[PDB]
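Contents: one structure, followed by commentary.
We did not get these values from a lab; they are worked out from the coordinates using the rules stated. In this analysis, Cβ positions are derived from the backbone assuming ideal geometry, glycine residues included, and neighbour counts consider all displayed protein chains.
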Amino acid sequence: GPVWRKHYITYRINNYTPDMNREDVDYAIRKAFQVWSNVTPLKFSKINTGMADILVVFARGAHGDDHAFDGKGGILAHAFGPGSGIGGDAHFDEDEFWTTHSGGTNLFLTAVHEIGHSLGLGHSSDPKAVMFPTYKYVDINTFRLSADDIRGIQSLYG
Ligand SMILES: COc1ccc(-c2ccc(S(=O)(=O)c3ccccc3CC(=O)O)cc2)cc1
Ligand SMILES: [Ca+2]
Ligand SMILES: [Ca+2]
Ligand SMILES: [Ca+2]
Ligand SMILES: [Zn+2]
Ligand SMILES: [Zn+2]
């Protein structure tokens, strides 16, 4: 599938969930990108204006991309594979309650998974992979990609 054909990738936080402190949104997203820069040649930079490669959006219900969100539960987030325009973008359902911890839905863990899609990864059948289709909290301070995730991302980059 499509992959970014450049090493410097930009993101922008379009808007911020009221569920969290701003600095904690910034940090969770930054750390999630770092999970992937750690195992690829990719470098990620947050920009504050202009067109980023990866636009990060919190939105609810129908939000302009034909993939409406569904209220609390169910779909938590989705992201588009590499490409121009909407490609790469990562959208988080505002009807979830995003957090820095095990309460609500953990934004960092969700973003690691979504960014994997923004980089071109699909889903893994391994429950230990971050790219497994199902959300489950794991301690975020000791989080590590599975061997399956590493094999997937290194099949695309590096
Ligand atoms: C700890 O690793 C994680 C594993 C999975 C996810 C995760 C993120 C999103 C979703 S989801 O929005 O409910 C979803 C459910 C079914 C199909 C597609 C999605 C979106 C998606 O997988 O990106 C489901 C799971 C998030 C983190
Ligand atoms: Ca939802
Ligand atoms: Ca984009
Ligand atoms: Ca919310
Ligand atoms: Zn969307
Ligand atoms: Zn997914």
State whether one or more residues within the stretch 32-55 are touching a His at 6+ places or on another chain (Cβ under 9 Å), within 16 Å of ligand 2 (Cβ to nearest atom) and under 16 Å from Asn14 (Cα atoms).
no
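Restricting attention to strands (runs of 3 or more DSSP E) lying wholly within the stretch 28-104, give those where 2 or more residues are away from ligand 5 (no atom under 14 Å from the Cβ).
43-46
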Mind listing whichever residues of the stretch 82-130 are closer than 20 Å to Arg22 by Cβ, more than 14 Å from the chain's Cα centre (by Cα) and polar (S, T, N, Q)?
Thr99, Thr100
Scanning the stretch 1-27 residue by residue, the ones that are part of a helix (DSSP H, G or I), of a type outside the set (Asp, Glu) and either in contact with a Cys (Cβ under 6 Å, 6 or more places away or on another chain) or crowded, with 17+ Cβ neighbours inside 10 Å (or both) total 1
Just for the stretch 80-97: of the residues that are of a type in the set (A, V, I, L, M, F, W, C) and away from ligand 1 (no atom under 12 Å from the Cβ), which one is farthest from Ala52 (Cα to Cα)?
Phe97
The one condition in (1) β-branched (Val, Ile, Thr); (2) within 16 Å of ligand 3 (Cβ to nearest atom); (3) under 19 Å from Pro2 (Cβ atoms) that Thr49 fails to fulfil
(3)
